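A.B. asks: Before we start, here is the structure in question, set down as structure tokens.
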Amino acid sequence: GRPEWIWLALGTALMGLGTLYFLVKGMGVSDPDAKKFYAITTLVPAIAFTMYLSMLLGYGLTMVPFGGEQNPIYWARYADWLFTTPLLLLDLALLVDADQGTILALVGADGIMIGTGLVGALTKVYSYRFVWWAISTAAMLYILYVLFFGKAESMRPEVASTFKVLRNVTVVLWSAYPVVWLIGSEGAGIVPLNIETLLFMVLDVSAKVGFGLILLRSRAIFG
Amino acid sequence: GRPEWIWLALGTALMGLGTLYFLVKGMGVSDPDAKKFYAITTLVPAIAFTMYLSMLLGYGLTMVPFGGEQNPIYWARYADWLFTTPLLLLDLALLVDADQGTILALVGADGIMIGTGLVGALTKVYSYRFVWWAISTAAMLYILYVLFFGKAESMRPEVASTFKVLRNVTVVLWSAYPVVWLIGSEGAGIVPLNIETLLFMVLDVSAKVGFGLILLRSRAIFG
Amino acid sequence: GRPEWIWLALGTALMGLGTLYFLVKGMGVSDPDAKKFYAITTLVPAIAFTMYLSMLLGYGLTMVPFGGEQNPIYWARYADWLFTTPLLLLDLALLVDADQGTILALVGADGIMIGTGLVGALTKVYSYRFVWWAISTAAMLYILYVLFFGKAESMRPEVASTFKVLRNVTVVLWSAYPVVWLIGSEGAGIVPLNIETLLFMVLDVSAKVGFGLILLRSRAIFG
Ligand SMILES: *C/C=C(C)/C=C/C=C(C)/C=C/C1=C(C)CCCC1(C)C
Ligand SMILES: *C/C=C(C)/C=C/C=C(C)/C=C/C1=C(C)CCCC1(C)C
Ligand SMILES: *C/C=C(C)/C=C/C=C(C)/C=C/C1=C(C)CCCC1(C)C
């Protein structure tokens, strides 16, 4: 039906397999700290799996009028990210034993990032969609700022090493989302929805399963 | 108006009385641990009370097209369960001093269970509704698994005893929900909505007020 | 377009400036406890900023049929309060080192207060709107009760002093909301929407930025 269906189907399959792999791999783990990381990390692709399935079956898709056309908007992505992005930030924060204040700042700014992105995606006045994109981007920039300038002296080498790798993976991949949104169907519409869907699938799988494989294979998750 | 109104009214009344009873019973409690259990346990029927009232007044009801008919779907149940089921799991987890990793696993899987159940309840393609039911059921099975195989050596007798009772009550009652959904109006439609509503009221009151009476009368909630 | 636009624009500007001020003021803070208070306190007007902008641009506004008319209902307020009121209660609770049980009681009752207020705001049967208002008010009264009768012996003077001031500010300002709602467009409609919007803007800015200035200038936030 929809040309982007193949990418949604592949996304569903990859998130599903990733979830199952992490689920199996986490069996037997008794270390409290490691359990936290496995729980957070397995839940991420499990949620993504449900939302990709939602998009594939057509439930997480809605039509938004703007620019004089009926624009297909997959709102299920925000329902996904609303829960998965904060969880991913939690993995990074727990890894460096961040204090509660910083965790709340990250989670709250993340909520603002996704919430304003959702508002922008459903906004009927074309020009306003970009106002929301700008605010969401400012929130993302705040998050990236905190990750880099927001624990070193008393920090295990493996912890510092894995955190630096996951932080770099996060900054690169997350930074791409606003660009894809901006040039894709939710924004300027210069890149067709099918290609946009492919881009998000690669980004999502990398930011979730890729990110997860790196974290769960590290000894940093253990006390 | 709607034949199932009597069960919604009785459900509203029972949840309301249960809330008031727990509220009174919890007065004077100074023990920190006991306070946690009273807060969690009183909030559960208070939330259920609001959603049952929502259904009674008709606000938590919507019409979903599928199978060639306008099907009355009480979505308010998911708004209820989304918050009450995780809270109930929290009572069980705190009772056994479960570690954060396991708590997150339970809460996250519970969110998936209710979220996919909601998607299934509102899905317009009949066959797909059952795909969502299957995923939600898999999440429930994971939860039941964790409760039984997911703390013994260093565990007070009263704690182990009450937990085992509440765990058995939980497995039996919770396991009935997917069956009721499957044969009821949201699924195969072989059992009429009025009878389905009665079933859920008995299950809800038992899983909330019944469950609550057992927990709050035990000495396990005290340090 | 809408006469109340000026108050929404001023509200947007004030919440935005307040957010920026708190953001700057919180720079350099290394004290863990102080970080918690700055995070919570800065997030509050940041969220309010987004929802006021939502109302200004028209996204957070919907039409609800009741009383034989199309009533303009700004639902964005509840999306705001759903997150900001619990955060404000968290500031007060952390300030007095409240135990988890009491925190959950406050947060849960707050959720009920806002959730039932939202249901009332969107209810099509006029008389029922007031039933929801009554339940929401009962939840607010419970919260006010807990704040006054729910830690003294072992409590720093500055902490007790600032808490008492913020508690008084909270009881006075919060108590006004149900009155405004009752006499405003969501209720009896005796006070026009434009005036109602002005009232909420003054209350919101005072309960958020005013409240925030008092808290963040106190030494109580430091360990
Ligand atoms: C599993 C998914 C991940 C890690 C998704 C990350 C999403 C973002 C960083 C999204 C950010 C956006 C903006 C900064 C601007 C507005 C549009 C968004 C929501 C695509
Ligand atoms: C107070 C209510 C309780 C304890 C409700 C429990 C609800 C469930 C365990 C629901 C589970 C469902 C499935 C496993 C399959 C799909 C349909 C549901 C949501 C009814
Ligand atoms: C930043 C906003 C604040 C501090 C808002 C406070 C909101 C309330 C205390 C609202 C309470 C209401 C009731 C008690 C009755 C029903 C209507 C409401 C939601 C306006």
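Every chain in the structure tokens has a letter given in the order shown (A, B, ...), and although residue numbers restart at 1 in each chain, ligands are simply numbered from 1 in the order shown.
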Could you tell me, counting only C-alpha atoms and all ligand atoms, which protein and nucleic acid residues lie no more than 8 Å from ligand 3, written as JSON, numbers by chain?

C.D. replies: {"C": [44, 45, 48, 78, 80, 81, 84, 85, 88, 113, 114, 115, 116, 117, 118, 120, 121, 132, 133, 134, 135, 136, 137, 138, 139, 140, 141, 170, 173, 174, 175, 176, 177, 178, 179, 180, 181, 182, 203, 204, 205, 207, 208]}

A.B. asks: Since we have the selection now, will you write its residues out, keeping C-alpha atoms, as a PDB file, in the first residue's frame?

C.D. replies:
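Result file out38.pdb:
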ATOM      1  CA  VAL C  44       8.350  24.313  35.554  1.00  0.00           C
ATOM      2  CA  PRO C  45       8.303  27.610  33.615  1.00  0.00           C
ATOM      3  CA  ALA C  48       4.521  26.451  30.997  1.00  0.00           C
ATOM      4  CA  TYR C  78      -3.982  20.624  31.825  1.00  0.00           C
ATOM      5  CA  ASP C  80       0.929  22.058  31.514  1.00  0.00           C
ATOM      6  CA  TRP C  81      -0.357  21.465  35.063  1.00  0.00           C
ATOM      7  CA  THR C  84       4.193  21.365  36.554  1.00  0.00           C
ATOM      8  CA  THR C  85       2.012  21.000  39.642  1.00  0.00           C
ATOM      9  CA  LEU C  88       6.105  22.207  42.379  1.00  0.00           C
ATOM     10  CA  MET C 113      -6.758  16.701  40.607  1.00  0.00           C
ATOM     11  CA  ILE C 114      -5.531  17.625  37.116  1.00  0.00           C
ATOM     12  CA  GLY C 115      -6.931  14.550  35.380  1.00  0.00           C
ATOM     13  CA  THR C 116     -10.443  15.057  36.730  1.00  0.00           C
ATOM     14  CA  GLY C 117     -10.182  18.765  35.977  1.00  0.00           C
ATOM     15  CA  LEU C 118      -9.380  17.859  32.355  1.00  0.00           C
ATOM     16  CA  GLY C 120     -14.574  18.164  33.545  1.00  0.00           C
ATOM     17  CA  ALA C 121     -13.253  20.678  31.011  1.00  0.00           C
ATOM     18  CA  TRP C 132     -15.651  16.494  38.069  1.00  0.00           C
ATOM     19  CA  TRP C 133     -14.871  19.950  39.478  1.00  0.00           C
ATOM     20  CA  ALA C 134     -15.997  18.708  42.910  1.00  0.00           C
ATOM     21  CA  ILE C 135     -13.816  15.597  42.819  1.00  0.00           C
ATOM     22  CA  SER C 136     -10.819  17.615  41.595  1.00  0.00           C
ATOM     23  CA  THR C 137     -11.405  20.109  44.408  1.00  0.00           C
ATOM     24  CA  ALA C 138     -11.542  17.282  46.964  1.00  0.00           C
ATOM     25  CA  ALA C 139      -8.156  16.135  45.677  1.00  0.00           C
ATOM     26  CA  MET C 140      -6.791  19.679  45.981  1.00  0.00           C
ATOM     27  CA  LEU C 141      -8.100  19.890  49.549  1.00  0.00           C
ATOM     28  CA  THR C 170       0.940  27.715  47.366  1.00  0.00           C
ATOM     29  CA  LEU C 173      -2.633  30.809  44.758  1.00  0.00           C
ATOM     30  CA  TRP C 174      -3.699  27.202  44.132  1.00  0.00           C
ATOM     31  CA  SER C 175      -6.993  27.750  45.973  1.00  0.00           C
ATOM     32  CA  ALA C 176      -7.894  30.425  43.420  1.00  0.00           C
ATOM     33  CA  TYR C 177      -7.753  28.104  40.388  1.00  0.00           C
ATOM     34  CA  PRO C 178     -10.936  26.132  41.181  1.00  0.00           C
ATOM     35  CA  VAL C 179     -12.765  29.398  41.793  1.00  0.00           C
ATOM     36  CA  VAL C 180     -11.642  30.856  38.457  1.00  0.00           C
ATOM     37  CA  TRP C 181     -12.568  27.622  36.688  1.00  0.00           C
ATOM     38  CA  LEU C 182     -15.972  27.552  38.384  1.00  0.00           C
ATOM     39  CA  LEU C 203      -1.801  33.024  38.972  1.00  0.00           C
ATOM     40  CA  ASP C 204       0.485  30.870  36.787  1.00  0.00           C
ATOM     41  CA  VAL C 205       3.337  33.380  36.647  1.00  0.00           C
ATOM     42  CA  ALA C 207       2.882  30.234  41.253  1.00  0.00           C
ATOM     43  CA  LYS C 208       5.807  29.461  38.958  1.00  0.00           C
TER      44      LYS C 208
END

A.B. asks: Using only C-alpha atoms, which chain B residues lie at most 8 Å away from chain A, written as a PyMOL selection string?

C.D. replies: chain B and resi 99-102+104-105+108-109+112+116+119+123+128

A.B. asks: Applying 12 Å and only C-alpha atoms, which residues near residue A:24 remain after dropping the ones on its own chain fewer than 4 positions away? List them as a count of residues only.

C.D. replies: 10

A.B. asks: For residue A:7, work out the shell of residues within 10 Å, counting only C-alpha atoms and skipping chain neighbours fewer than 2 positions away, then give it as a list in words.

C.D. replies: residues 3, 4, 5, 9, 10, 11, 12, 13, 52, 56, 194, 195, 196, 197, 198, 199, 200, 201 and 202 of chain A

A.B. asks: Would you give me, as a PyMOL selection string, the residues in stretch 15-129 of chain A that DSSP reads as strand (DSSP E)?

C.D. replies: chain A and resi 61-66+69-74

A.B. asks: For a test of reading the model, state the distance in Å between atom CA of residue B:189 and atom CA of residue B:111, rounded to one decimal.

C.D. replies: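 About the pair atom CA of residue B:189 and atom CA of residue B:111: they are 25.4 Å apart.
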
A.B. asks: Calculate how many Å separate atom CA of residue A:16 from atom 1 (C, counted along the ligand's line) of ligand 1, rounding to one decimal.

C.D. replies: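 Between atom CA of residue A:16 and atom 1 (C, counted along the ligand's line) of ligand 1 the gap is 13.6 Å.
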
A.B. asks: From a DSSP calculation on the backbone, collect every residue of stretch 22-189 of chain A in helix (DSSP H, G or I) and output the set as a ChimeraX atom specification.

C.D. replies: /A:22-25,32-56,76-95,100-122,126-149,157-183

A.B. asks: Got time to write the residues from that selection, C-alpha atoms, as a tab-separated table (two decimals), in the first residue's frame?

C.D. replies:
chain	number	residue	atom	x	y	z
A	22	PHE	CA	18.86	-8.50	24.83
A	23	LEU	CA	16.21	-10.48	26.71
A	24	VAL	CA	18.14	-13.74	26.31
A	25	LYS	CA	21.53	-12.12	26.97
A	32	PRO	CA	22.03	-5.22	40.64
A	33	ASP	CA	23.69	-2.54	38.52
A	34	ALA	CA	23.87	-4.76	35.45
A	35	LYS	CA	20.18	-5.61	35.91
A	36	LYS	CA	19.32	-1.90	35.70
A	37	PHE	CA	21.18	-1.52	32.42
A	38	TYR	CA	19.63	-4.67	30.94
A	39	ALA	CA	16.12	-3.61	31.96
A	40	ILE	CA	16.50	-0.11	30.49
A	41	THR	CA	18.27	-1.36	27.37
A	42	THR	CA	15.83	-4.19	26.60
A	43	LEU	CA	12.77	-2.01	27.17
A	44	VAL	CA	13.94	0.51	24.56
A	45	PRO	CA	13.71	-1.74	21.48
A	46	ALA	CA	10.64	-3.49	22.93
A	47	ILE	CA	8.77	-0.17	22.92
A	48	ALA	CA	10.18	0.73	19.49
A	49	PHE	CA	9.02	-2.68	18.27
A	50	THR	CA	5.44	-1.91	19.29
A	51	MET	CA	5.44	1.53	17.65
A	52	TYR	CA	7.04	0.30	14.43
A	53	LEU	CA	4.35	-2.38	14.31
A	54	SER	CA	1.79	0.37	14.95
A	55	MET	CA	3.09	2.31	11.94
A	56	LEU	CA	3.25	-0.79	9.72
A	76	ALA	CA	3.60	6.83	16.62
A	77	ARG	CA	7.26	7.93	16.47
A	78	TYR	CA	6.69	10.46	19.27
A	79	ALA	CA	4.87	7.91	21.41
A	80	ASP	CA	7.99	5.79	20.93
A	81	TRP	CA	10.59	8.51	21.58
A	82	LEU	CA	8.65	9.98	24.51
A	83	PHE	CA	9.61	6.86	26.45
A	84	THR	CA	12.71	5.56	24.69
A	85	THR	CA	14.84	8.70	24.53
A	86	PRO	CA	14.63	9.40	28.30
A	87	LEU	CA	15.49	5.74	28.95
A	88	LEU	CA	18.55	6.02	26.70
A	89	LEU	CA	19.62	9.14	28.59
A	90	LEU	CA	19.11	7.20	31.82
A	91	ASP	CA	21.57	4.55	30.59
A	92	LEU	CA	24.18	7.28	30.06
A	93	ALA	CA	23.41	9.03	33.35
A	94	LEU	CA	23.51	5.85	35.46
A	95	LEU	CA	26.75	4.87	33.75
A	100	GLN	CA	19.34	13.24	40.56
A	101	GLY	CA	19.31	16.93	39.69
A	102	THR	CA	21.11	16.34	36.41
A	103	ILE	CA	18.96	13.30	35.62
A	104	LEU	CA	15.77	15.32	36.07
A	105	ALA	CA	17.18	18.11	33.91
A	106	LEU	CA	17.91	15.63	31.09
A	107	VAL	CA	14.60	13.77	31.36
A	108	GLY	CA	12.60	17.00	31.54
A	109	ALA	CA	14.42	18.62	28.63
A	110	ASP	CA	13.96	15.37	26.69
A	111	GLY	CA	10.23	15.43	27.39
A	112	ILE	CA	10.11	19.00	26.12
A	113	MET	CA	12.10	18.00	23.01
A	114	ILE	CA	9.69	15.20	22.09
A	115	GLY	CA	6.53	17.01	23.18
A	116	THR	CA	7.27	20.10	21.11
A	117	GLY	CA	8.31	17.90	18.21
A	118	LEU	CA	4.89	16.21	18.41
A	119	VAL	CA	3.10	19.56	18.53
A	120	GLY	CA	5.08	20.67	15.48
A	121	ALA	CA	4.23	17.45	13.64
A	122	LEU	CA	0.50	17.99	14.17
A	126	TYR	CA	2.83	25.53	8.18
A	127	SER	CA	5.12	28.31	9.44
A	128	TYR	CA	4.35	27.46	13.07
A	129	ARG	CA	5.55	23.88	12.60
A	130	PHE	CA	9.06	25.32	12.31
A	131	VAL	CA	8.69	27.36	15.49
A	132	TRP	CA	8.09	24.12	17.34
A	133	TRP	CA	11.01	22.49	15.51
A	134	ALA	CA	13.24	25.34	16.73
A	135	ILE	CA	12.19	25.00	20.36
A	136	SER	CA	12.59	21.20	20.22
A	137	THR	CA	16.05	21.67	18.71
A	138	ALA	CA	17.00	24.10	21.48
A	139	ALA	CA	16.01	21.42	23.99
A	140	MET	CA	18.12	18.85	22.13
A	141	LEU	CA	21.08	21.23	22.16
A	142	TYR	CA	20.65	21.64	25.91
A	143	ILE	CA	20.73	17.86	26.32
A	144	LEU	CA	23.89	17.53	24.19
A	145	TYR	CA	25.41	20.35	26.26
A	146	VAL	CA	24.71	18.56	29.54
A	147	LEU	CA	26.15	15.31	28.20
A	148	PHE	CA	29.45	17.06	27.42
A	149	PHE	CA	29.73	19.69	30.16
A	157	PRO	CA	38.34	3.66	33.33
A	158	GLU	CA	35.92	1.22	31.69
A	159	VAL	CA	33.03	3.49	32.70
A	160	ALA	CA	34.68	6.60	31.28
A	161	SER	CA	35.65	4.73	28.11
A	162	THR	CA	32.23	3.23	27.35
A	163	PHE	CA	30.45	6.45	28.30
A	164	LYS	CA	32.61	8.44	25.88
A	165	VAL	CA	31.80	5.98	23.09
A	166	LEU	CA	28.06	5.93	23.78
A	167	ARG	CA	28.04	9.72	24.16
A	168	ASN	CA	29.67	10.16	20.76
A	169	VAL	CA	27.23	7.70	19.20
A	170	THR	CA	24.38	9.62	20.79
A	171	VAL	CA	25.44	13.09	19.67
A	172	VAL	CA	25.99	12.00	16.07
A	173	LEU	CA	22.80	9.98	15.64
A	174	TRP	CA	20.44	12.21	17.64
A	175	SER	CA	21.67	15.32	15.79
A	176	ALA	CA	20.45	13.78	12.53
A	177	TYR	CA	16.79	13.50	13.60
A	178	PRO	CA	16.00	17.24	13.48
A	179	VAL	CA	17.64	17.45	10.07
A	180	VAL	CA	15.59	14.54	8.71
A	181	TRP	CA	12.42	16.03	10.19
A	182	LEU	CA	13.23	19.45	8.72
A	183	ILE	CA	13.80	18.23	5.16

A.B. asks: What is the atom 2 (C, counted along the ligand's line) of ligand 2 to atom CA of residue B:15 distance in Å?

C.D. replies: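 Interatomic distance here is 11.5 Å.
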